[PDB]
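Worksheet: one structure, shown below.
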Amino acid sequence: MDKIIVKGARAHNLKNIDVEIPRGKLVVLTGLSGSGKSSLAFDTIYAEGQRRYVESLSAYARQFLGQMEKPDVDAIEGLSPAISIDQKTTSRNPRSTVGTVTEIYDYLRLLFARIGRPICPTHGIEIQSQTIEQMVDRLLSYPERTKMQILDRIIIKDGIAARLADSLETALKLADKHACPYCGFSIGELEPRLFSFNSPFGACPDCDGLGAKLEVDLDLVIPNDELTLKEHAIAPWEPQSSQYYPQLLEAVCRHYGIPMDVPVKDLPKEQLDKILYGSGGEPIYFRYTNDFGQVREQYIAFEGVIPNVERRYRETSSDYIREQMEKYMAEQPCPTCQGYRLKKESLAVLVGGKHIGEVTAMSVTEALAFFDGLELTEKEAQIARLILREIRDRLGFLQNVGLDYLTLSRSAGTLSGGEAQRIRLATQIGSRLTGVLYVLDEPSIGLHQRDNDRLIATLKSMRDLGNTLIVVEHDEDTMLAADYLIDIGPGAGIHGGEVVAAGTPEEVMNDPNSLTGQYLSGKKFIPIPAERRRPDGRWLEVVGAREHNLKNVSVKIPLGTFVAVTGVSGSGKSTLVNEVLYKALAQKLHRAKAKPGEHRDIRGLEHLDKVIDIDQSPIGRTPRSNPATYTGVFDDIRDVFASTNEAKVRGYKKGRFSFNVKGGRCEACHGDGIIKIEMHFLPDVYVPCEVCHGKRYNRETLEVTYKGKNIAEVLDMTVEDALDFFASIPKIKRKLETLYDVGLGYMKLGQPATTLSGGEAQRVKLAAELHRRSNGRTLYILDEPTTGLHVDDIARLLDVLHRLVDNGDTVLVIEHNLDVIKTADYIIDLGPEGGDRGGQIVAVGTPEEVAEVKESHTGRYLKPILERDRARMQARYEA
Amino acid sequence: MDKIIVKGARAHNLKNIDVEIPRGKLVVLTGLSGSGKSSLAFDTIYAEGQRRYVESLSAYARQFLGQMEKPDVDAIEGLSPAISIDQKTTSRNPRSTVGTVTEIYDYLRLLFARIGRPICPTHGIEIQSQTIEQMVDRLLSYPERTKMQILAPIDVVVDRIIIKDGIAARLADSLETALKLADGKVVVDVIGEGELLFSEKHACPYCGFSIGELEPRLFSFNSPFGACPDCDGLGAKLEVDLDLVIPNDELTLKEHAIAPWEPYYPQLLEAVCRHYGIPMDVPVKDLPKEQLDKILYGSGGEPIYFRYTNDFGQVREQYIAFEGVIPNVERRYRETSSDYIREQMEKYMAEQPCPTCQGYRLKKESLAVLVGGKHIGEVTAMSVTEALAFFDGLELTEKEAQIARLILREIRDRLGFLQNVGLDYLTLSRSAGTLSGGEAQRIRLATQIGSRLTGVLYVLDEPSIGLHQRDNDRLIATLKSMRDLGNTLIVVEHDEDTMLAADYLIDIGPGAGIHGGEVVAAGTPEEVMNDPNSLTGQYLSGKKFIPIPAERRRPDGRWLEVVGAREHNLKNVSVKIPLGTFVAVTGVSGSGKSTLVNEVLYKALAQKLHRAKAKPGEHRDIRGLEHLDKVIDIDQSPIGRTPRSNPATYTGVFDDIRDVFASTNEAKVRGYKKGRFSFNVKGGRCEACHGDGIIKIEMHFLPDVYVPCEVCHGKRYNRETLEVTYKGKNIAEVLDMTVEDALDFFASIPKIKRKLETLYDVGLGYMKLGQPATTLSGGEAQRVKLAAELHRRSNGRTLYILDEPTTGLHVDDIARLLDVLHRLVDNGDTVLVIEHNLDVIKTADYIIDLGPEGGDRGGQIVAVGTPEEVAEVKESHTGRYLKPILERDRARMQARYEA
Ligand SMILES: Nc1ncnc2c1ncn2[C@@H]1O[C@H](COP(=O)(O)OP(=O)(O)O)[C@@H](O)[C@H]1O
Ligand SMILES: Nc1ncnc2c1ncn2[C@@H]1O[C@H](COP(=O)(O)OP(=O)(O)O)[C@@H](O)[C@H]1O
Ligand SMILES: Nc1ncnc2c1ncn2[C@@H]1O[C@H](COP(=O)(O)OP(=O)(O)O)[C@@H](O)[C@H]1O
Ligand SMILES: Nc1ncnc2c1ncn2[C@@H]1O[C@H](COP(=O)(O)OP(=O)(O)O)[C@@H](O)[C@H]1O
Ligand SMILES: [Zn+2]
Ligand SMILES: [Zn+2]
Ligand SMILES: [Zn+2]
Ligand SMILES: [Zn+2]
Ligand SMILES: [Zn+2]
Ligand SMILES: [Zn+2]
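Chains as they are written, first to last, in the entry's author numbering: chain B, 1 to 151, 205 to 229, 247 to 949; chain A, 1 to 153, 200 to 309, 314 to 949.
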């Protein structure tokens, strides 16, 4: 019927709830972070919709997925095969481009094979291929009585087509295509797989369809050009728990007279040229002590430090040894394929004057403009009719979702969470399906407010195509434009998990019991600081940052304040804030090997000792890591189990209760507790270790109890419940208090790092630094901490962030969310528009000064919000 | 929007066609065999629906499938995830049952886990398990001042207590202490001397016997947690059948009475005889029992003198401890790890229920748990009608029913869904691989009905297959239900009623192969019926139809006589099959037609006429065996299991087709012979695919796909081999020709011609000589086999047995096939068919209708004789539905004859 009813849902924290979802409409789930949206939307609805379909693809699939673990639900009538558009399902596995992911490149390959005019490299003339039917009608269009000899002698008049057709047949059979008249050169046939770099049937030999080769870089070899060579200045030759190269280094220095303890910056160019590139055949006396202790004198003609790295990387046939040498190397465009990844004769076929590689190299805009100005013939346009419209709609979708700044050539594994999510969303719009249950997860992530009205436009277009959407958003604009809106459980964890209010946005907005509803009408909101932290003389000063789309950018960052880097997606925020600033500061302060982006210099580095990048990357890459392990709480929590009498008499200490060591862990899962099961076309799944039923330890370890709870149940506790459980212990309590303030409090201590969200993982990291003795000289960089947080959750995360600034430290954040931006003291709005047309400072200073900039897109949307919230405070102030 | 539009389809023979299908309705694709229905319905619409969805399940999913070969279509907008209901996606793989495939068995495991009462086999008392909370209030219900000593197993005494009121504190903690010392078990000696005793686990108070906890996997046979140890959840053993070791209990032992020991072993008999004094010239029947036991079961250690002449000729005397003829087979079968030596010994063995698990397939303690007085295995062993009855009569408590409410309804619905489809006769225990094509297909339909999916595009393939005309309205009724659940159905049918009941009806291409591929007429079945251009409408309107014969072949004096057949549900049946006539064995599904026709009749005639090894079904005897020399069973099974086989091969035409190439001018000078052109010999085949032509790609959850070899582009031969030409076409090109274009092309060679003609006469002619057998329809395969027998010198003493030869044919096509079958009867042979298609039944000269209703309410002869004689039997469903068709077409002819 016209609605999908979900009877009795008990996912995680869902309280055996029933809910109605209006079919064929735009539904939007909302509520506090942890209330249980995903549990319903994804773990319950998407899971069933998908399983029920796949299950019916064969008799085998049903048997496999049948014995598997299903979602805890009584029933769910009205289901449709479901499709998810989240960060998990997208790709991140190298050799894959944006063009390949979106499927556009495949249509390009097909395009080139159908109408691509092949040209001769040497001659630049289009090599043709005619049948006898086309040759005869072209020869016949000459003046009469014109003697011609096929090599038999004929004379053209009128009815000679009988011979000419048969004479050219004998000639072609006597001398045997797309060949060049003046040199034989050819390429038999034009098939799509000739333009594929994932097929040796048309891939570049000297790189195997990779495009970029990989050589040594002078920058990575020596991080800071000013380092004492005695204390290891050159990186690759650092004591690897065994000293051979450190001794060779001395042998070269001692011979040429290179001072060991001098900073490399003030060392003559020749002194350094011998060490890096070699003696050039001149023998150097070299004696060294083996790890055993015995000496061995040689007389080698030192190759140098650079050729050494290239030669050691080249010669090994190990996926382990290479990776140790790849840390001091960087990619370079392949000299043969010019970085286009195809054969030389594959690039010989061009369409609108440009070849397959050049079109892939264009940004979505450039290439969209290209296909409008492509001037084809009648024959060409009639063939490519549908192939062309396909490329035009896909480029269009991408442009709609706000990704028009990135090229089709761009590697897949270098895309942001939001970028990937939206590339999948665009790629899906292209499938033009109907009667499907699309379930999206916060599609505005990494998208500016300006470009939000199109996202609402495309979602509704997809909905109007006969589908039903279920989006999980926290944005006002989208919730107001939704047809139906479901708010979930008051509070989060054991507190939420119920349907607080459901109805039209007007109804939910006027519902007193809706936590979200109150924020929509204005009865509850984020307040603007009455006064803002005026900056002082402490400034960072990046100079001449050019990297990607940056236009010789030169900006100044005020320390000891809440800084917010803003600007539309593609403007170069990542580049300036992370690729340039962080890596740069990082190798100076922490001496990390990360090569910074192209920039001139950065001053004011004498104002801080440590820069920390609170990334949105995972906490760990296995179920070993968890909030406890990362924060070291679990490390401290084991001492208490070692204190109990059971552990004393049995002789247990802080090892039997460990998670990694052989002591008391479960041998069947090797400590994991959760075995990963293999899903081929579907994403991987985690099934509990059937030997210890997911308890993490054998039957003899967890017998030790501390307050009626064993080590398993204590690790299974929640953060909120645990700080109540560990009220007395004053060291364990301080670490749990960080996790609570952070924004969690609802997640469990044992919860495997792999399952944690992007935003969740970031806060577990933010919690580790949260409570530390700060010296007032330390910079924190957070990339969109709002990702996955309710408007209310931002208010409590801002209180936490602003606590760091009060101390004196700095907190730089990259946000599009207007509420986090308005709370900030200083902001740096980046590039007008994205891509090539951006990459420059549009407006600096306090939110108000930025707001009154007619050219800033950020300030334009911030002005009605600042004036919206300024009147609300004045409305509360008077009452 | 409100309709699914397909623009420019070119699948196989489709002529770049555009077509509109109404969304959310019962659309029925119809037309001649090979017109292009599957090419559109399955190879185009369904193909796209599945891919587009699966292609979105993950990143890797897109990369794998995207690089492969997508269907030949310009655009197809308005798609929905598609699901196919055909024979290609039904499990034929051992260890799987009807219960597992339908998912009903899983719900039963969930039922038995939740509410299943576990009882002690030894003591037959419901073993219980109580928490401390339940133990305390049970003791507190006793009268006051009643002394009790809580002791824990000699049994150490915890503490004595007097029950008053506020003693719930101690009582609860002493039990807790007792359960901690004796581990989940504690005995309470009430001083009235009634030592009641309970535990935290499910255990018997009188013998220990426990079961721990009830979990679904404790009832599964695909889990060590529940599977039987002595057979590993198979339920069937595999041991030597005494009946197979001796075909008839009265055959001369001198002329090899025992079959396994049939040309060392012959000379060994001589040794066990000489010794025990068993006569050589012997009709086994009259041999004393001990004389036969020594030879079959062994001397039991006693030494027997045995000398024998080797194949070489030299003698070698031994002094062995003879094992016997029966243990010989079991021992020679078990020890070898050869798929060749086993299969030769497996011929003398038959399946037998596992003595450990009574054939139920689970642990003894798994069968300890029972619901309505019956255990899991018993409920599975019932027929669908039985089980459905059991749950109606099943009587439970308030808690049990409230716990199993959602489970019971699902089980109750699936049983009914199976009943709707007509499968109410088969059990839940029945092996999945033993199902027919129609059955498997319908099981998949029923399972699907239960999914309750919406916005799905189901594509059914002739769901009426193997279904009596009576049970057709229920099929039409359930299809529509699935439709009326927000889904669109695309059914490929040839039945009138199903077309008449359809909403939209597309008639595809006039003619088959290159002659078809177009959309002739498309609208309501009223619009298509009134369209002179629709070849289908002409049969629905009644302009064209299959005429009833003027007179029917009266049986002569020759009759086959099946006596006392009792195999599956057959009830001591005795039937007379008339020879030299077209016979139709009719009846509702489950009546026992297969059983009678193939399992009893064919296997019996086969063992007598051709020394076939198959063990016939339980029957008394079969006379009239002197009236025929051979019995050809034109099975609906595949022609080959590899792409190496194809029409050309099976018929043998491809053998001759290489002799022309081997004898060509270019072959002479190149030294090529009838081997370079061999599809299977390294000589000239493509070394990349080893002569397959198509590589098989590995789809994990999806069925496997066939990708053309990228090196020979599917041609099958290398570059040099196909340079040889014959009349401007090489071997790859001739292998790619249609049977119709081929006979036209090989008109000069009459030996090639006469084979190709059979394929044309048979109905084919649209398919290509090189079409992989793995891709042929069940019906197609049958007809390619029929074409083999089709042309041979008939001596008038052979019997043909075809199973539903109509499967996959238009009404117009049945006409031509009937011409072919009746030509066989004309020449003196007999054709027996097992059909539901009334157009075939009415044409028959004699029909043998089977059992009224299916299952155990069947397996008996309801009516025999001519179609009219059976038309007048009220008790025959066949007649009831046939009587009006005879009256309809008999009037149509008089209407035609009068003008
Ligand atoms: N991977 C997981 N394993 C176990 N429990 C989880 C997992 N993810 C979330 N939960 C539980 O579900 C609740 C949060 O549900 P979730 O769907 O994440 O809410 P939201 O969608 O609003 O973030 C938490 O109380 C948490 O304990
Ligand atoms: N790894 C990369 N390779 C090529 N181009 C890149 C890469 N990273 C960023 N860019 C380009 O730089 C510009 C902005 O990138 P980014 O720093 O992510 O901006 P923002 O953070 O504002 O989205 C875009 O034009 C983008 O295509
Ligand atoms: N796998 C295949 N290989 C080659 N030809 C095929 C294949 N499948 C179908 N065809 C051909 O396509 C034509 C019609 O398709 P088909 O689906 O058989 O029609 P219908 O379903 O109406 O019988 C026939 O000539 C048939 O031989
Ligand atoms: N392999 C088998 N094992 C057990 N029972 C069977 C088997 N095959 C058929 N039966 C049973 O025999 C009965 C009818 O036999 P069948 O020959 O299949 O009828 P029909 O051919 O008329 O459909 C049914 O009750 C069916 O369940
Ligand atoms: Zn040239
Ligand atoms: Zn290259
Ligand atoms: Zn384990
Ligand atoms: Zn007992
Ligand atoms: Zn068994
Ligand atoms: Zn090949």
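Built from N, CA and C at the ideal position, the CB exists for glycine as well.
Please report whether the beta-carbon of residue i lies at a distance below 8 Å from any beta-carbon of chain B.
i	result
residue 74 of chain A	yes
residue 757 of chain A	no
Out of curiosity, what's the CA-to-CA distance linking residue i and residue j?
i	j	result
residue 830 of chain B	residue 856 of chain B	10 Å
residue 487 of chain B	residue 588 of chain B	30 Å
residue 131 of chain A	residue 582 of chain B	44 Å
residue 625 of chain B	residue 114 of chain B	50 Å
residue 295 of chain B	residue 50 of chain A	58 Å
residue 398 of chain A	residue 875 of chain A	36 Å
residue 148 of chain B	residue 105 of chain B	47 Å
residue 44 of chain B	residue 269 of chain A	27 Å
In this structure, how does DSSP classify residue i when only helix, strand and coil are distinguished?
i	result
residue 460 of chain B	helix
residue 383 of chain B	helix
residue 545 of chain A	coil
residue 597 of chain A	coil
residue 881 of chain A	strand
residue 362 of chain A	coil
residue 378 of chain B	helix
May I ask which residues mark the beginning and end of the beta strand (DSSP E) holding residue i?
i	result
residue 368 of chain B	365 to 368
residue 26 of chain B	26 to 30
residue 22 of chain B	17 to 22
residue 356 of chain B	356 to 359
residue 149 of chain B	146 to 149
residue 632 of chain B	632 to 636
residue 757 of chain A	755 to 758
Any Cβ of chain A within less than 8 Å of the Cβ of residue i?
i	result
residue 61 of chain B	yes
residue 468 of chain B	no
Taking the Cβ atom as the reference point for each residue, do residue i and residue j lie within a distance shorter than 8 Å?
i	j	result
residue 630 of chain A	residue 649 of chain A	no
residue 434 of chain A	residue 408 of chain A	no
residue 506 of chain B	residue 251 of chain A	no
In the DSSP assignment, find the unbroken alpha helix (DSSP H) run with residue i in it and report its ends.
i	result
residue 53 of chain B	47 to 54
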